[PDB]
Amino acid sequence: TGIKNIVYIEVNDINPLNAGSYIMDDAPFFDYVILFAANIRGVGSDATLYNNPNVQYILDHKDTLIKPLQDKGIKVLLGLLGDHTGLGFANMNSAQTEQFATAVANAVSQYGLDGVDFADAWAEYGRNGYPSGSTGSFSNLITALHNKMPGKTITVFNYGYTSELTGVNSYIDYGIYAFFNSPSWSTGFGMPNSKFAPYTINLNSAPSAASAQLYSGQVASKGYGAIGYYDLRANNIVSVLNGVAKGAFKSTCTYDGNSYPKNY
């Protein structure tokens, strides 16, 4: 397949509809949009899925804040992030793993989402009486979600206990390099180049169009399958994306004019 553009939107600040305002070759520039993020939270022995008031609002208003992206062909994923309780993706027991995977699959079904993204950061492993080290639950969680959501996408931000995931990487559609604005010509957890983004642009502290065209052209020539983006804002950042369009796609990217505020 062609190179996919995968964007994480910090929905505490930014209306995710802005991802749809960018066009390349009569199609959306962005292929995947990650609502960053819902949280795993340990609560006693339970492994819970927690949506903060901004995420919950977007899910509660899926017809107006998610579906128009999906109407254009964009796949919308629920981002998943640690949240300082001491329990994260990599230190659950068998019951907690099954419980968390059930919650996530039910949320993806209930809100008509296209899958999920895993970002193993900020769990603060070991706090509040949970194990301080890995139990092996991270691979089992991927496996459980693959069995529960056939046909849906799983992406992994390459940070935290991801080195453990090599054995289940056939269940993972894309991996994403964790540092911004400079490429690293490798992949994590054994992913082939065609399933990895070795270059990830911070669109808030944005690099120049010249740098984006330089590196995006190298993404294509070296045969990688994706480019990552983090923290798209509500300003028109097409200068940078047009650099990527010229570099990786031999094309151009334009703005449709729609700037969507976060009135919630």
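Residue indices: 1-based, along the sequence shown.
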{"query": "Comparing 50 to 58 with 225 to 233, the one whose average Cα B-factor in the PDB entry is higher", "finding": "50 to 58"}
{"query": "Of 146 to 154 and 184 to 192, the one with larger mean CA B-factor", "finding": "146 to 154"}
{"query": "Residue, from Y130, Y111, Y177, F89, that the PDB entry assigns the highest Cα B-factor", "finding": "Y111"}
{"query": "Candidate residues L65, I34, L203, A38, the one whose C-alpha B factor the record puts highest", "finding": "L65"}
{"query": "For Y264, the third of its chain into which the C-alpha B factor falls", "finding": "highest"}
{"query": "Cα B factor band for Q213 (lowest, middle or highest third within the chain)", "finding": "lowest"}
{"query": "Chain third (lowest, middle, highest) by recorded CA B-factor, residue given as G136", "finding": "highest"}
{"query": "Third assignment of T1 from its chain's C-alpha B-factors", "finding": "highest"}
{"query": "For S251, the third of its chain into which the C-alpha B factor falls", "finding": "highest"}
